[PDB]
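Q: My questions will all concern the structure given below.
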Amino acid sequence: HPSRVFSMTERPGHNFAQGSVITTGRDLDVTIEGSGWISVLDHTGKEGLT
Amino acid sequence: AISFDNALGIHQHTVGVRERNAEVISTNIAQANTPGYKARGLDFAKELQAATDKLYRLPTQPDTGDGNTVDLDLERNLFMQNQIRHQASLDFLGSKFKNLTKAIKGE
């Protein structure tokens, strides 16, 4: 009889809504207006979005 | 006539089958937790034919990844029934000799 059904928790995605913008007056502080990413390479060297 | 085969009937074989059945049920209960073990059932009519086998039990519920098809609720009931019937077979076969001895000795 089909009586036993398991459930597993999984990550379906991420929340890509715009984060809270903090005005700091610093020249080297940048925030992406709307959607978009900054391409950076980590310690190993593989590129990725941040 | 007048031979032990006819005097004892089939009660001489039933006691053995009830012992084999009890062994299989004991195996099923012990192997209930070991994954991959398939519950074994004994067909009574097969040992009846052998007197005059070791099958598999199809589960009523799915496994949980173990593959073990032993239902401990079923095994306890089947062990209780076999033990009760085993005692009756001893009573039946035991009285066969008690009547047989009384006929010979006349007392």
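Going by the structure tokens order, chains are called A, B, ..., each with residues numbered from 1, while ligands are numbered from 1 in the order shown.
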Pick out the chain A residues within 9 Å of chain B. Count only C-alpha atoms. Give them as a PyMOL selection string.

A: chain A and resi 1-4+6

Q: Those residues with N, CA, C and O atoms, as an mmCIF file, in the first residue's frame please?

A:
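Written output follows (selection09.cif):
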```cif
data_model
loop_
_atom_site.group_PDB
_atom_site.id
_atom_site.type_symbol
_atom_site.label_atom_id
_atom_site.label_comp_id
_atom_site.auth_asym_id
_atom_site.auth_seq_id
_atom_site.Cartn_x
_atom_site.Cartn_y
_atom_site.Cartn_z
ATOM 1 N N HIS A 1 0.832 -1.194 0.000
ATOM 2 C CA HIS A 1 0.000 0.000 0.000
ATOM 3 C C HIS A 1 0.873 1.252 0.000
ATOM 4 O O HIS A 1 1.878 1.311 0.714
ATOM 5 N N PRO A 2 0.516 2.274 -0.776
ATOM 6 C CA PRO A 2 1.314 3.518 -0.816
ATOM 7 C C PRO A 2 1.063 4.404 0.402
ATOM 8 O O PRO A 2 0.366 5.417 0.363
ATOM 9 N N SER A 3 1.654 4.011 1.533
ATOM 10 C CA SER A 3 1.422 4.697 2.794
ATOM 11 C C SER A 3 2.631 5.451 3.328
ATOM 12 O O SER A 3 2.454 6.340 4.167
ATOM 13 N N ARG A 4 3.838 5.134 2.872
ATOM 14 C CA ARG A 4 5.058 5.735 3.397
ATOM 15 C C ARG A 4 5.624 6.708 2.374
ATOM 16 O O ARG A 4 5.978 6.307 1.260
ATOM 17 N N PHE A 6 8.514 9.853 2.312
ATOM 18 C CA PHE A 6 9.536 10.627 2.996
ATOM 19 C C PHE A 6 9.534 12.073 2.508
ATOM 20 O O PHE A 6 9.061 12.390 1.414
#
```

Q: Any idea what's packed within 8 Å of residue 50 (chain A), counting only C-alpha atoms, ignoring anything in its chain fewer than 5 positions away? Could you give it as JSON, numbers by chain?

A: {"A": [37, 38, 39, 40]}

Q: Write out as a tab-separated table (two decimals) with C-alpha atoms, in the first residue's frame all residues of region 26-98 of chain B that DSSP puts in alpha helix (DSSP H) for this structure's backbone.

A:
```tsv
chain	number	residue	atom	x	y	z
B	26	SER	CA	12.48	-16.75	14.97
B	27	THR	CA	14.79	-15.98	12.05
B	28	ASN	CA	12.42	-13.32	10.72
B	29	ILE	CA	12.19	-11.50	14.06
B	30	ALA	CA	15.97	-11.57	14.57
B	44	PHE	CA	2.51	-25.97	5.46
B	45	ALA	CA	1.13	-28.05	2.57
B	46	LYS	CA	4.65	-28.55	1.19
B	47	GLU	CA	5.87	-30.35	4.31
B	48	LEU	CA	2.54	-32.20	4.25
B	49	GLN	CA	3.49	-33.46	0.79
B	50	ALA	CA	7.05	-34.14	1.99
B	51	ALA	CA	5.57	-36.21	4.83
B	72	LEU	CA	7.03	-7.63	13.48
B	73	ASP	CA	3.28	-7.42	14.13
B	74	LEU	CA	2.73	-10.38	11.80
B	75	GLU	CA	5.65	-12.44	13.12
B	76	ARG	CA	4.53	-12.28	16.76
B	77	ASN	CA	1.01	-13.42	15.87
B	78	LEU	CA	2.33	-16.22	13.64
B	79	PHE	CA	4.72	-17.33	16.38
B	80	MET	CA	1.90	-17.37	18.94
B	81	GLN	CA	-0.35	-19.43	16.67
B	82	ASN	CA	2.41	-21.92	15.83
B	83	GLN	CA	3.31	-22.43	19.50
B	84	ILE	CA	-0.32	-23.09	20.46
B	85	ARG	CA	-0.78	-25.55	17.60
B	86	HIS	CA	2.56	-27.20	18.42
B	87	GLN	CA	1.35	-28.06	21.93
B	88	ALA	CA	-1.85	-29.55	20.51
B	89	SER	CA	0.17	-31.74	18.14
B	90	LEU	CA	2.19	-33.02	21.11
B	91	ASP	CA	-1.08	-33.77	22.91
B	92	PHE	CA	-2.44	-35.61	19.86
B	93	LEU	CA	0.74	-37.61	19.20
B	94	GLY	CA	1.36	-38.22	22.90
B	95	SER	CA	-2.08	-39.78	23.39
B	96	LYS	CA	-1.47	-42.08	20.41
B	97	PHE	CA	1.09	-44.02	22.44
B	98	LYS	CA	-0.92	-43.78	25.66
```

Q: Contacts of residue 54 (chain B) at 9 Å or less, counting only C-alpha atoms, minus same-chain residues fewer than 5 places along, as a list in words?

A: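 The residues that qualify are residues 24, 40, 41, 42 and 43 of chain B.
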
Q: Could you dump the residues just selected with N, CA and C atoms as a PDB file, in the first residue's frame?

A:
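Saved the output as out30.pdb:
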```pdb
ATOM      1  N   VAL B  24      11.743 -20.573  11.513  1.00  0.00           N
ATOM      2  CA  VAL B  24      11.702 -19.543  10.479  1.00  0.00           C
ATOM      3  C   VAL B  24      11.185 -18.229  11.050  1.00  0.00           C
ATOM      4  N   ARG B  40      11.112 -14.807   5.146  1.00  0.00           N
ATOM      5  CA  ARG B  40      10.904 -16.151   4.629  1.00  0.00           C
ATOM      6  C   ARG B  40       9.656 -16.741   5.266  1.00  0.00           C
ATOM      7  N   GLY B  41       8.796 -17.329   4.443  1.00  0.00           N
ATOM      8  CA  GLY B  41       7.621 -18.026   4.924  1.00  0.00           C
ATOM      9  C   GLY B  41       7.685 -19.489   4.536  1.00  0.00           C
ATOM     10  N   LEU B  42       7.102 -20.336   5.378  1.00  0.00           N
ATOM     11  CA  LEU B  42       7.086 -21.774   5.158  1.00  0.00           C
ATOM     12  C   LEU B  42       5.682 -22.207   4.766  1.00  0.00           C
ATOM     13  N   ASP B  43       5.582 -22.989   3.693  1.00  0.00           N
ATOM     14  CA  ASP B  43       4.290 -23.465   3.217  1.00  0.00           C
ATOM     15  C   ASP B  43       3.957 -24.785   3.903  1.00  0.00           C
TER      16      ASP B  43
END
```
